[PDB]
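See below for the structure under consideration.
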Amino acid sequence: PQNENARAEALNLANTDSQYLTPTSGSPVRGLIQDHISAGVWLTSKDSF
Amino acid sequence: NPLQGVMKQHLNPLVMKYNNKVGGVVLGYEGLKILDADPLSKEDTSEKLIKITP
Amino acid sequence: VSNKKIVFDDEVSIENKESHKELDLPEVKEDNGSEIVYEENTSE
Amino acid sequence: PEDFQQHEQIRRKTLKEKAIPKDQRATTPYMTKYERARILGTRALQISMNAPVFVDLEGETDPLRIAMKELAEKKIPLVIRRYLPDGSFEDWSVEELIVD
Amino acid sequence: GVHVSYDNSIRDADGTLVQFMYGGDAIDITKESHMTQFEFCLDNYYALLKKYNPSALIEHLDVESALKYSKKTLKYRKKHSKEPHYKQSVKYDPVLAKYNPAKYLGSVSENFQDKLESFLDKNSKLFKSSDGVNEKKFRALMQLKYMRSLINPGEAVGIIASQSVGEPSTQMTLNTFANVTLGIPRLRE
Amino acid sequence: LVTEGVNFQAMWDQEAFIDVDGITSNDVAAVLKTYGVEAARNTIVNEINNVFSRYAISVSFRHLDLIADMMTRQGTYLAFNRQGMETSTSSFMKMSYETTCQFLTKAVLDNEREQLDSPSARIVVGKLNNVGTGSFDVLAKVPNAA
Amino acid sequence: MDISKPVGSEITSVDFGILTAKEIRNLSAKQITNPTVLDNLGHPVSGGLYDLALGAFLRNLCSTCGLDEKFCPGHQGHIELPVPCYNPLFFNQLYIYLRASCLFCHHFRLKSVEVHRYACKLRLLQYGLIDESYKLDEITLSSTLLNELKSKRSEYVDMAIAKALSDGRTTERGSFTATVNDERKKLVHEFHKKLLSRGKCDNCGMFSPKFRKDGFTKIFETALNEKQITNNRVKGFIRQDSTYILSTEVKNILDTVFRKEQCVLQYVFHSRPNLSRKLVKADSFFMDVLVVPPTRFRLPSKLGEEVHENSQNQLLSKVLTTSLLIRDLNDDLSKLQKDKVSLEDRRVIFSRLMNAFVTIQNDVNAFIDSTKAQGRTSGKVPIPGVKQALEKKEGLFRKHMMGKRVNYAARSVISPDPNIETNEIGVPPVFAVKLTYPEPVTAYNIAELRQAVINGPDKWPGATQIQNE
Amino acid sequence: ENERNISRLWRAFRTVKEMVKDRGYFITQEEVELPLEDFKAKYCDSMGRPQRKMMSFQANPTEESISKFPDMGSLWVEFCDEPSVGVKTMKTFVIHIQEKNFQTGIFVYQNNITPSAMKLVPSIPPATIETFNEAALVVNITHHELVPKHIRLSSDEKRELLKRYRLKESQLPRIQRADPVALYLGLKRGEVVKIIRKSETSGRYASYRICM
Amino acid sequence: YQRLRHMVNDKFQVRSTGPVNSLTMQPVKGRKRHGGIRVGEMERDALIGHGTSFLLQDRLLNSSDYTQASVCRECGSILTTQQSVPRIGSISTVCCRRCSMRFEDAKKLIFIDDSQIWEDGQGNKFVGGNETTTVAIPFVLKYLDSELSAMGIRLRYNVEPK
Ligand SMILES: [Zn+2]
Ligand SMILES: [Zn+2]
Ligand SMILES: [Zn+2]
């Protein structure tokens with residue numbers, strides 16, 4: 001985008017962080033997957049020091 | 001400085017040139033007034049609205 | 001008319017097609033930085 | 001010449017008929033997410049072309065960031081004109097709207 | 001061009017009024033998740049109070065009018081509770097019909113009003129084993145939450161509804177194995 | 001109980017076995033004819049919701065209500081096809097949907113004015129959109145104006 | 001688009017209408033008359049389709065404004081059609097009114113009283129007065145009664161509009177919503193159905209011969225049937241106080257009908273009140289001239305190295321030849337003395353005239369809507385007319401207005417990266433160096449932009465150019 | 001075996017009373033809830049067959065109605081005894097309506113109104129006339145779960161609605177003049193109905209439609 | 001392990017500006033010739049759905065076929081204006097061919113001011129047609145208007161201020 005009005009809109013209205021919940025049902029669309037889930041189960045285990 | 005700006009941008013350049021609309025040479029000008037875009041204000045006040053281009 | 005038009009269209013079609021056959025097309029750039037392309041076909 | 005005067009009087013009259021006076025305002029006292037973005041962009045545009053700035057830059061070079069700063073201190077001299085669907089409108093100053 | 005207007009109604013671009021209020025309740029779907037998550041809001045009360053900052057709005061909101069009207073209607077709606085829907089009292093329209101949810105604290109959907117009051121009613125326990133949060137204060141905060149979950153004037157709800165039906169329907173391109181018409185064919189019918 | 005086929009009046013005679021006040025249908029147009037537009041509206045909402053519920057897809061009734069209110073805006077059962085579209089006040093929007101020269105021919109013969117309110121029309125003429133950030137005007141407060 | 005070139009004037013609405021041959025002639029930069037486009041040295045033929053009055057072409061300067069191929073916006077010219085043609089876009093509507101006409105009393109064959117009832121309703125709908133248009137139908141208290149009925153309906157419409165204007169409900173510009181537009185469209189449909197549904201004229205009682213068409217815009221007139229010729233001469237005393245039919249005959253018939261039935265037509269052809277006060281004319285359905293669009297919209301193409309003529313020019317030159325040819329038929333036609341002109345020569349002259357009209361009408365059709373043109377030299381495949389240009393594939397509107405190819409963008413295969421933020425995008429330098437942004441220079445950023453300009457086009461973060469004041 | 005037929009007539013009668021009450025006229029609650037037996041008692045001969053002519057009745061506006069709708073006239077309901085409706089019977093009915101000065105006539109026919117007689121419907125302004133078939137009154141559609149409560153607005157209520165939303169009449173959502181509920185409430189063009197919906201989202205929710 | 005051949009013309013592309021198409025003045029299709037990337041109908045709807053009217057304006061106007069063009073405020077056309085051709089020393093002005101009289105015809109019907117006459121390149125003199133300004137339109141609008149006038153159809157743009 002090529003002018004500050006369009007900048008402001010892309011950073012405040014259509015920006016990724018503005019779109020955590022979907023408008024379909026109002027639920028999350030962004031999260032971590034694969035390695036990151038497996039990693040979490042391990043890092044947050046009681047056995048972890 | 002809106003009055004200053006209207007003067008330096010538009011009016012001053014008209015001085016001592018022929019102008020097609022008044023059908024003569026413009027010698028000069030008096031009593032410049034901005035029309036407030038807020039139609040509810042008094043012709044008095046020195047705070048006025050000017051609509052900005054999209 | 002229609003019968004005369006046949007002959008007249010033929011010789012004009014031939015004439016016009018040959019004229020264009022050795023035409024020379026000159027580049028036109030905008031202030032933008034933009035060549036203007038002579039093509040009649042948005043083939044997208 | 002006589003009738004341009006008339007034309008102007010009609011324009012100005014209908015404009016006044018459309019304006020909803022301050023104390024009869026009825027829309028949300030909150031700044032909308034749309035109003036915010038445009039206010040920022042537009043004020044940023046004016047900053048980029050040497051509008052007098054009402055806040056300390058403190059090294060900032062992004063005019064959008066300067067606007068944001070101005071917004072934060074409520075020093076943006078802009079007014080939002082909200083249109084109801086019949087074309088009548090309410091003027092709300094940026095400073096008076098609750099921002100979030 | 002169907003969008004939310006500054007009067008909370010939903011209009012087409014030519015001014016034609018399509019709905020009088022977005023969900024019958026003016027709520028943004030993407031601000032809705034925690035509106036009836038009361039126990040999550042009661043823990044976390046203090047952070048929510050910081051976030052919503054009631055101090056900055058006292059001068060700009062009517063804090064009495066809608067609450068008073070709300071009680072008037074809760075009475076009539078209960079006094080005529082068990083009688084069938086066509087013999088219903090219509091002396092009193094819902095609060096949202098009369099008071100702008102953005103301006104009047106307490107102007108709130110009746111579902112929400114009920115869900116909230118039921119919670120407060122059935123959970124007096126949590127208002128002692130709380131951090132000093134009393135029943136009154138929590139109602140107010142939840143009411144303020146509703147206010148801050150409103151759809152914004154300007155939203156292209158029409159485009160969004162279209163996408164919320166078209167996009168998810170791509171998951172119905174195939175099928176499993178009454179006897180009725182299903183999936184996309186039906187959606188077309 | 002569930003019937004293949006629709007005939008409300010016939011069912012109205014079986015008052016002895018069924019609660020006639022709670023009979024519902026698949027068929028939006030049948031309901032419209034017998035019970036009216038509000039009933040038909042509800043039937044549309046439920047039917048569209050039934051479509052998604054079967055595939056465990058969740059879609060807010062807020063969208064569904066709007067779609068159904070739209071469809072019933074003329075007191076009737078209007079589809080999102082040529083006929084429903086044909087009513088729209090915007091000739092530029094119709095021109096950009098289906099059959100440009102037809103809608104254009106219609107506009108000319110009506111000596112129509114495009115008021116430029118639809119998103120389509122404004123894109124055609126290069127006008128800032130009416131929705132969102134285009135739904136209001138911005139004005140500058142300037143001092144020293146007398 | 002440049003934030004330092006603001007625009008003060010703003011377009012607020014668009015009005016649809018029809019170009020008159022008078023306007024066109026006045027605005028035209030050149031009348032085009034030569035089918036031939038170039039000469040042996042590749043220069044524009046004067047009076048031809050690349051005539052320099054229509055705009056700069058190749059290395060030549062525009063003869064109208066003097067600007068070159070870059071700053072010259074182009075200018076329109078016109079072709080003079082030697083004989084009126086039906087405008088193919090409107091031929092169906094023309095057909096409706098023609099059929100509906102009474103070729104004797106020159107009203108529509110629908111009874112005047114009914115036609116007036118439609119005029120009343122449509123007029124009310126210009127002001128959005130839907131309830132009133134139904135109330136209009138509620139009005140009743142043989143030719144003496146009818147004029148009082150007409151009169152009292154008329155005074156109702158006036159009273160309703162007056163009342164509607166005094167309170168909020170309308171302006172002199174009308175009121176136009178979807179529900180209004182729906183009621184309007186129904187009425188016009190109902191009106192047209194009723195127009196064509198009449199045989200004998202309800203007003204003078206005569207029968208007019210029936211009109212039949214082509215898909216190629218030709219009109220035939222079927223002469224009168226036996227019972228009907230009998231019926232017609234019985235009414236002979238009261239009035240006392242197949243074949244191709246030329247477009248000129250058709251125009252004369254409609255010209256008169258449009259004068260007589262002007263009242264109703266004034267509302268059938270205007271969805272809003274007609275403040276302009278212009279009459280509704282039959283000419284609107286005909287073309288006496290064709291607008292030749294500016295040269296920049298009709299340029300040749302290069303398919304690699306070979307150069308191909310513009311297809312719209314190929315169609316226009318066919319209009320041009322037929323045009324010259326008819327101007328010759330018209331020349332020999334005047335050199336006939338009627339003292340040698342037979343009764344049999346009457347048939348042959350007509351034969352030649354029908355021929356001319358048909359083929360000019362075909363050449364016009366071919367240029368505007370190739371569908372309505374007779375398939376050429378069985379093969380070749382038709383050359384697109386204007387309709388087909390606007391409607392090619394998804395069509396101009398969808399392919400170049402609702403969606404566009406744009407400047408300042410890039411495309412690439414995507415690759416995963418866990419090391420950027422969830423709200424970032426990792427941009428390859430190959431893009432970063434070619435995509436620019438126009439930053440205005442100020443006190444607060446002069447340091448930064450100095451460095452960018454020093455860095456140049458190829459060292460990031462740099463700059464590719466400077467815009468001066 | 002006319003036991004059904006009588007029951008169906010008893011049922012259609014109930015709907016008519018309910019309809020007339022809903023329109024604003026004074027009808028007792030006990031009158032609506034007339035038990036099946038009492039109905040035969042009052043309206044059948046000693047023969048078991050039902051006498052339609054005895055069923056016909058007059059209705060006057062109530063207290064609230066007179067205040068809200070000053071020009072609400074009196075209403076007359078007719079149950080034609082004849083399987084088909086002659087133009088003879090129609091006239092007799094219409095005369096009755098005009099002579100004794102009623103604002104509304106409701107004609108409850110059994111199955112056939114000759115289109116000859118349908119002509120006489122708008123014959124006596126300012127008064128208005130409505131027709132209903134019996135078999136379509138066996139059930140009260142407004143009692144249905146899917147049919148929200150429609151309330152007719154007064155001219156004052158309508159003026160206020162249009163002002164509050166700055167609306168032109170035709171920008172409102174439409175309800176067809178011949179919509180089953182419109183016909184039930186006797187809606188004239190231009191009248192606005194307030195509709196109290198149950199929302200899945202909100203509780204009660206007021207919407208409106210204009211009759212065109 | 002097997003290495004799979006490329007089946008696809010993968011290669012990336014970027015365009016700031018570059019060649020435009022003659023009729024629409026919109027970016028040509030290309031890659032190998034600096035073509036633009038398409039924002040089509042689906043992306044239009046997305047941009048409306050966000051409420052981002054400036055992003056929409058940036059893509060479908062500003063960064064595509066944005067054009068400052070002359071209109072006649074009087075007849076509402078964008079096709080009948082041209083630059084005047086002035087005598088040497090005088091400055092060129094913007095005039096409407098529809099709204100002005102051929103000089104002869106105007107004489108043939110009070111004195112006529114000097115500022116009211118203009119000339120073209122051929123040499124014909126005109127009286128009037130000086131009510132012009134500039135408006136910002138997508139170029140493709142000019143093409144559409146042009147095609148429509150071929151079909152005998154007139155678009156009339158109402159411009160403000162008058
Ligand atoms: Zn030129
Ligand atoms: Zn006649
Ligand atoms: Zn002009």
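In the structure tokens, chains take the letters A, B, ... in the order shown, each chain's residues start at 1, and ligands count up from 1 in the order shown.
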**Request:** Show me which bits of chain D are within 8 Å of chain E, counting only C-alpha atoms, as a ChimeraX atom specification.
**Result:** /D:26-30,32-34,82-86,98
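Residues within 12 Å of residue 91 (chain E), counting only C-alpha atoms and excluding same-chain residues fewer than 3 positions away, are residues 72, 73, 75, 76, 77, 80, 87, 88 and 94 of chain E; 151 and 196 of chain H.
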Save out the residues we just selected, N, CA and C atoms, as a short mmCIF file (atom, residue, chain, number, x, y, z; two decimals), in the first residue's frame.
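Contents of the output file part_14.cif:
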```cif
data_model
loop_
_atom_site.label_atom_id
_atom_site.label_comp_id
_atom_site.auth_asym_id
_atom_site.auth_seq_id
_atom_site.Cartn_x
_atom_site.Cartn_y
_atom_site.Cartn_z
N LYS E 72 -38.37 -2.95 35.07
CA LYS E 72 -39.78 -2.86 34.71
C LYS E 72 -40.18 -3.98 33.78
N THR E 73 -39.32 -4.31 32.83
CA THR E 73 -39.65 -5.34 31.84
C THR E 73 -39.43 -6.75 32.38
N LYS E 75 -40.10 -7.64 35.30
CA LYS E 75 -41.31 -7.92 36.05
C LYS E 75 -42.43 -8.38 35.13
N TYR E 76 -42.76 -7.58 34.11
CA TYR E 76 -43.82 -7.97 33.19
C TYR E 76 -43.56 -9.26 32.44
N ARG E 77 -42.29 -9.57 32.19
CA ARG E 77 -41.96 -10.75 31.42
C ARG E 77 -42.10 -12.01 32.27
N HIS E 80 -45.96 -12.71 33.22
CA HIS E 80 -46.65 -13.37 32.13
C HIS E 80 -45.75 -14.45 31.52
N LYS E 87 -50.32 -14.93 23.50
CA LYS E 87 -50.99 -14.21 24.60
C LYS E 87 -49.96 -13.46 25.44
N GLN E 88 -48.81 -13.13 24.85
CA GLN E 88 -47.75 -12.44 25.59
C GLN E 88 -48.04 -10.96 25.77
N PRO E 94 -38.47 -4.68 24.62
CA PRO E 94 -37.15 -4.95 25.20
C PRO E 94 -36.32 -3.68 25.28
N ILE H 151 -48.04 -6.80 15.84
CA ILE H 151 -48.92 -5.77 16.38
C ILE H 151 -49.04 -4.63 15.39
N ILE H 196 -42.60 -8.94 17.44
CA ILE H 196 -41.75 -9.32 18.55
C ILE H 196 -41.24 -10.71 18.32
#
```
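Proximity of D:20, D:45, D:55, D:39 to chain F, computed with only C-alpha atoms, is greatest for D:39.
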**Test item: residues at most 7 Å from region 24-33 of chain C, only C-alpha atoms, excluding those fewer than 2 positions along its chain, as number ranges by chain** = C: 22, 35-36; G: 58-59, 70; I: 17-18
**Message:** Taking only C-alpha atoms into account, find every residue of chain H that has an atom no more than 7 Å from chain G, and write it out as a ChimeraX atom specification.
**Reply:** /H:168,170-171,189-190
